[PDB]
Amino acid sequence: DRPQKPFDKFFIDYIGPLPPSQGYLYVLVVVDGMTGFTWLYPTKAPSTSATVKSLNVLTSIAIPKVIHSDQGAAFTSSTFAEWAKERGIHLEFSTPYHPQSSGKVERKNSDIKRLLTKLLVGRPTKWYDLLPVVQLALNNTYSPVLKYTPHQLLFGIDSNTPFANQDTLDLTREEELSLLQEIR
C-alpha cells in the first residue's frame, strides 16, 4: 500500500560468458526496481566472490532493502547469504525455471542484452571500455509507461548527457553476417 521507492529492490543477474575483454568474461547486472536505474559490473566469473567484490562497491553508494535474483549458484551460496545478512539485506529468489521481476525490469534487462549484443558485433573483445557508455545510455533514455528517464527518477534532475537519439538496437544486414562468422 506504500508507493514503490528507489532502493526498495535491486534485481541482480549475470550475463555471460562473453568473449574475453581485458580478462573479464561476465557482466553483473543490477537494476533498481522503482527507477529502472542500471549498474553494470564486469567480473571474471559468476561466483559469489565476484558478486561480493562488485556489490561491495555498489553498497558503498546505496544499500537496497531487498536483493532479488534467479537461483544462480553465486546468489544461493551460504557466503552470499551471510554477506546479505551482515548488511541487513533481505534476499529474494524466483522459483527455478520461472524468472520473474516486473514489466519495467524485464524490459530494461531486455534492452541491456540487446544493447550489449549490438556493440559486441564489431568489437567482440573491446566491450570492457564501453560499459560506462552502455550504462549512461540505458540510464538516460525515456521509459514507455512513465515519461521520466531512470536518471531523472533517481536524482530528480535532467542529465548532462541526454541521449536524444533512440537508435535501432536491431541488427543491420552487414552486422548479422559478420556476427554469423564469429563462430566459424
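Note that residue numbering begins at 1 and tracks the sequence as displayed. Rigid core here is just the name for the largest C-alpha set that superposes within 1.5 Å across the two forms.
> Name the stretch that deviates more in 8 other deposited structures of this protein: 39-47, or 118-126? Use RMS CA distance to the shown form, core superposed.
Larger mean C-alpha displacement, comparing 39-47 and 118-126 in 8 other deposited structures of this protein, is found in 118-126.
> Take the C-alpha B-factors listed in the entry for 127-135 and for 62-70, compute each mean, and give the stretch with the larger one.
Of 62-70 and 127-135, the stretch with the higher C-alpha B-factor average is 127-135.
> Per the PDB record, is the mean Cα temperature factor higher over 7-15 or over 164-172?
The deposited B-factors put 164-172 ahead on the C-alpha mean.
> Hey, out of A45, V31, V57, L120, whose CA B-factor is highest in the deposited coordinates?
Within the set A45, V31, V57, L120, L120 shows the top C-alpha B-factor.
> Relative to the other modelled residues of the same chain, rank the CA B-factor of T149 and answer lowest, middle or highest third.
Middle third - that is where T149 ends up once the chain's C-alpha B-factors are sorted.
> Tell me, lowest, middle or highest third: where does the Cα B factor of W39 rank within its chain?
According to the entry, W39 has a C-alpha B-factor in the chain's lowest third.
> Taking the chain's C-alpha temperature factors as the reference, tell me which third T141 falls into: lowest, middle or highest.
For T141, whose C-alpha B-factor we compare with every modelled residue in the chain, the answer is the highest third.
> If you rank the chain by CA B-factor, which third does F93 end up in: lowest, middle or highest?
Within its chain, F93 is a middle-third residue by C-alpha B-factor, going by the deposited values.
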